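First comes the structure, then the notes that go with it.
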Amino acid sequence: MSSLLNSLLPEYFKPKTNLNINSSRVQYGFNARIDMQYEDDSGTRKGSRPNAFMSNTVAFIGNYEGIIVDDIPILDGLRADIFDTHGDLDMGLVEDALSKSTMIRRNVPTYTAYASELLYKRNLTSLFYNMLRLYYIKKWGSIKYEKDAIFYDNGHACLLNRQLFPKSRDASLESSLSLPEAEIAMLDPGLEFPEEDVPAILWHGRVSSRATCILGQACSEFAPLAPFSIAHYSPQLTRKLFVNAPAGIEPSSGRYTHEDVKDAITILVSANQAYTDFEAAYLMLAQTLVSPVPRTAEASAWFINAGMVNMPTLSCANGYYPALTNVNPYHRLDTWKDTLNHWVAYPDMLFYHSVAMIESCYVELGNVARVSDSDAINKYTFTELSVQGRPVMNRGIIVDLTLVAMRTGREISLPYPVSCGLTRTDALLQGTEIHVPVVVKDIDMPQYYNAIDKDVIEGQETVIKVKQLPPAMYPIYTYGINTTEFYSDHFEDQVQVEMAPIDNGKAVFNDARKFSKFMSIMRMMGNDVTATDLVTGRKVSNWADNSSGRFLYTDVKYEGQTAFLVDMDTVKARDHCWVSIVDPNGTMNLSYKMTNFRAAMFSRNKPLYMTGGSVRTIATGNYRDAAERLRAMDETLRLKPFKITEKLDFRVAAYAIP
Amino acid sequence: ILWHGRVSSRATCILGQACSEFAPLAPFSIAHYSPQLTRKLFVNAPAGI
Amino acid sequence: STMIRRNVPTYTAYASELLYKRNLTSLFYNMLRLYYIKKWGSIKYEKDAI
Amino acid sequence: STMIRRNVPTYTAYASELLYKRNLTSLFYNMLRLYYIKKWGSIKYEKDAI
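Right, dumping it as structure tokens:
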């Protein structure tokens with residue numbers, strides 16, 4: 001659904017068509033003007049950062065594994081005559097429709113008997129999904145993956161690509177897959193009895209030399225070398241695929257460009273009348289196009305074990321019954337062609353729709369992981385109460401759409417209760433300790449991180465014990481639309497730390513809430529604060545991120561009693577464009593204000609600019625008003641004359657309109 | 201007789217034994233003597249038996 | 101209907117006898133007995149019993 | 101809630117017999133007993149006590 005994913009984008013964000021991606025890492029964000037203030041009994045110290053960049057790093061790598069599951073049939077496409085008043089295939093009108101058609105008379109009785117089983121095999125989501133992945137593999141084919149590269153680095157702990165993804169050879173995305181071609185046979189119209197467990201599709205005119213090569217590779221096993229997101233492992237959809245094309249199927253060309261895959265999709269959707277099938281495949285790919293680079297070192301627990309992708313079995317019986325598909329189809333919603341029409345016009349817009357969906361999910365799974373099991377709406381039972389339909393199993397797209405509904409605070413409506421795609425809530429529901437590997441840089445690591453060893457020499461491979469999952473992404477596109485006090489994503493905020501002159505700089509935060517806001521605002525001001533817990537004896541640093549520049553309470557890496565000693569004569573100025581706290585006395589009052597917002601994207605430590613035309617909000621009415629218009633100007637070549645007009649020179653001629 | 205779709209592997213064994221002679225050893229009430237109903241039974245199933 | 105056209109005249113003649121052969125009571129009776137034989141199959145009968 | 105509609109007659113027949121005997125109370129009973137054996141697993145029973 002293009003419509004619901006479009007509304008997630010911010011108001012200030014004005015996207016263009018083309019986006020020239022030339023790397024496997026993008027820092028999307030915005031530039032804002034922060035007017036910071038520090039008030040005290042001595043006086044006020046004002047600062048101003050005119051261009052403050054708040055970013056979330058997003059990569060094109062992520063371990064996924066496809067499995068073939070059984071899903072509901074999508075009945076949108078079949079002629080409206082055979083359907084009854086309630087909206088189910090009234091068998092008796094099917095036998096009537098087949099009898100009054102251009103079918104062979106000896107096949108009518110035997111084909112009608114099979115109809116009861118074969119007409120309820122309508123799900124082309126798996127085919128469209130694979131054909132969409134082939135489009136983006138050939139478009140962004142020049143992106144590279146190095147084996148010994150830095151997945152994450154925060155100064156203390158480092159995590160390499162070798163650690164998370166073993167059995168991984170370095171190669172380009174184009175050179176990753178070597179897809180073998182499945183057989184594309186021609187359906188004989190005079191076949192005695194239809195062959196079930198072999199799908200048959202429709203086609204307009206002649207199957208081109210390149211269309212054979214695309215359909216051949218789409219219905220085949222994906223066995224990748226490099227762990228890419230749009231080239232993950234998928235099982236063999238089918239062995240053989242029939243195509244009811246009276247004009248013969250040309251043999252396989254071998255080569256094809258990304259423009260030829262768009263040609264193949266547009267013919268397949270139009271012939272089969274499968275637009276709702278495409279809408280399902282569009283939302284599936286939106287989840288599993290890009291995966292987020294973790295905010296903290298201990299936020300890598302989400303991507304340790306491979307999340308399963310639920311691909312519904314390829315099943316289509318249109319080739320055997322050409323009569324039942326015509327120009328008057330049955331559809332539930334009137335805006336059922338909107339998702340395809342959006343993709344054909346603006347293919348590269350999927351990148352923006354993808355980051356909008358994963359940012360919405362991973363933000364909400366952040367503040368869902370911090371609720372006790374003894375509650376009404378908890379970790380296990382947040383999907384059941386929200387869903388008001390009848391899906392087969394609460395997995396895939398249902399779990400991701402219900403998280404988006406919680407974030408935006410609106411009602412998401414789909415025409416069919418389809419349960420296909422990636423399932424994210426895997427590591428959460430387990431409710432056990434996860435052992436993430438790490439290579440150390442400094443020697444004073446295991447004070448900060450909950451490490452397995454207490455003394456570790458530099459360059460050693462250690463393990464961190466993560467119990468509660470910290471947030472993987474900070475809200476950026478969904479900044480101050482549905483604000484919570486955990487993230488504290490306000491435009492205006494203030495904190496009041498109360499100290500007396502008798503205290504020699506040392507302040508104890510009994511409250512946990514205002515400790516979080518103090519440590520966060522001090523980092524905007526470019527000050528390196530290092531607090532020490534009095535009960536346990538561990539240490540926390542506000543500088544625990546190089547992207548957002550905020551301090552969340554989950555950076556403590558421990559749930560206990562709150563007694564944080566901060567010594568305010570060991571505060572060090574780290575960044576540029578900073579206010580100085582030289583020697584405070586009395587009550588401190590910190591405050592900031594974010595005024596304006598400008599969309600910015602970075603890649604390879606350089607600005608990535610959006611190019612091409614101005615993207616519009618395509619509606620169903622905007623095309624069918626031109627159908628209402630029809631260009632009703634009678635196609636008659638009316639040539640109008642020009643009267644020559646003489647003036648002073650007479651050498652040169654001058655023509656007038658009347 | 202008529203049938204919906206395909207006659208399963210077990211449905212053949214049940215219909216085969218139902219249309220046969222009951223020759224019991226012990227005098228049970230639900231296993232009394234019955235003659236052979238029929239020798240052959242046709243099934244109009246386009247999907248093979 | 102969806103019948104073979106050469107069979108219509110010969111099948112219609114037979115209809116007078118064959119359409120009045122409708123009694124499946126004997127088949128259902130035997131199939132019901134097979135259900136209960138396999139369900140309560142472990143019951144025993146002794147020859148020299150009271 | 102399926103595409104393969106050949107298995108519906110078979111599925112219904114088995115489901116009708118099994119749904120009228122569903123009970124997980126005995127499994128949870130033993131799982132609860134295993135929890136408290138591990139937790140309070142340092143209690144001594146002496147045979148020649150009062």
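Residue numbers (the authors' numbering), protein chains in the order written: chain A, 1 to 658; chain B, 201 to 249; chain C, 101 to 150; chain D, 101 to 150.
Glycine included, each C-beta is placed from N, C-alpha and C at the ideal position.
{"Check": "Cβ-Cβ distance between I104(A) and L324(A) below 8 Å", "Outcome": "no"}
{"Check": "Where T102(D) meets chain A, residues with beta-carbon distance less than 7 Å", "Outcome": "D70"}
{"Check": "Where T325(A) sits in the DSSP three-state scheme", "Outcome": "coil"}
{"Check": "Exposed unless 16 or more other CB atoms sit within 10 angstroms - verdict on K517(A)", "Outcome": "buried"}
{"Check": "Residue-level contact to chain C via CB, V94(A), 8 Å cutoff", "Outcome": "no"}
{"Check": "Whether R295(A) touches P471(A) by CB criterion (8 Å)", "Outcome": "yes"}
{"Check": "Segment limits, beta strand (DSSP E) that includes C158(A)", "Outcome": "157-160"}
{"Check": "Supposed contact pair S541(A) and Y448(A) - C-beta distance, whole angstroms, cut 8 Å", "Outcome": "7 Å"}
{"Check": "Counterpart residues of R206(A) in DSSP-defined beta bridges", "Outcome": "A247(A)"}
{"Check": "Start-to-end residues for the alpha helix (DSSP H) that takes in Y135(C)", "Outcome": "125-139"}
{"Check": "Interface flag, residue 221(D) vs chain B, CB-CB below 8 Å", "Outcome": "No information on residue 221(D) is available, as it lies outside the stretch 101 to 150 that chain D covers here."}
{"Check": "Local Cβ density within 10 Å of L225(B), reported as buried at 16 or more and exposed below that", "Outcome": "exposed"}
{"Check": "Sequence-distant residues of its chain with Cβ nearer than 6 Å to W140(A) (five each side left out)", "Outcome": "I21"}
{"Check": "Spatial neighbours of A317(A) in its chain, beta-carbon cut-off 6 Å, leaving aside the 5 residues before and after", "Outcome": "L118, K121"}
{"Check": "C-alpha distance - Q287(A) paired with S252(A), whole-angstrom precision", "Outcome": "32 Å"}
{"Check": "Presumed contact (8 Å Cβ cut-off) between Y474(A) and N56(A), rounded CB distance", "Outcome": "6 Å"}
{"Check": "CB-CB length for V94(A) against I184(A), believed under 8 Å", "Outcome": "Not confirmed; about 28 Å, so no contact."}
{"Check": "Interface residues of the segment 64-91 of chain A facing chain D [CB-CB below 8 Å]", "Outcome": "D70, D71, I72, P73"}
{"Check": "Status (buried if at least 16 other CB within 10 Å, exposed otherwise) for residue 254(B)", "Outcome": "Examination of residue 254(B) is not possible in this model, given that chain B is present from 201 through 249 alone."}
{"Check": "C-alpha distance - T530(A) paired with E559(A), whole-angstrom precision", "Outcome": "18 Å"}
{"Check": "Buried or exposed by the 16-neighbour rule on C-beta atoms within 10 Å, applied to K147(C)", "Outcome": "exposed"}
{"Check": "Assigned exposure category for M357(A) - 16 Cβ within 10 Å defines buried", "Outcome": "buried"}
{"Check": "Whole-number beta carbon distance between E458(A) and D442(A), since they are thought to touch under 8 Å", "Outcome": "7 Å"}
{"Check": "Cβ pair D400(A), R424(A) closer than 8 Å", "Outcome": "yes"}
{"Check": "Any C-beta of chain A under 8 Å from that of residue 198(B)", "Outcome": "Because chain B spans 201 through 249 in this model, residue 198(B) falls outside it and cannot be assessed."}
{"Check": "Short Cβ contact (8 Å threshold) for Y64(A) with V436(A)", "Outcome": "no"}
{"Check": "Three-state secondary structure assigned by DSSP to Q236(B)", "Outcome": "coil"}
{"Check": "Positions along the segment 363-394 of chain A whose CB lies within less than 8 Å of some CB in chain D", "Outcome": "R390, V392"}
{"Check": "Proximity test, Cβ basis, 8 Å: residue 659(A) and chain C", "Outcome": "Outside the displayed span of chain A (1 to 658) sits residue 659(A), for which this structure offers no information."}
{"Check": "Member of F228(A), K46(A), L9(A) whose CA lies at the smallest distance from the CA of residue 663(A)", "Outcome": "There is simply no residue 663(A) to check, as chain A begins at 1 and stops at 658 in what is shown."}
{"Check": "Own chain partners of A231(A) with C-beta closer than 8 Å, once the 5 adjacent residues on each side are dropped", "Outcome": "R133, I137, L173, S176, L177, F222, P224"}
{"Check": "Span of the alpha helix (DSSP H) around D277(A)", "Outcome": "276-287"}
{"Check": "Within chain B, partners of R106(D) - CB distance below 8 Å", "Outcome": "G205, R206"}
{"Check": "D348(A) burial status per 10 Å Cβ neighbour count (16 or more: buried)", "Outcome": "buried"}
{"Check": "CA-to-CA distance, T125(A) to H490(A), given in whole angstroms", "Outcome": "41 Å"}
{"Check": "Residue closest to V556(A), alpha-carbon to alpha-carbon, out of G216(A), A654(A), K539(A), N546(A)", "Outcome": "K539(A)"}
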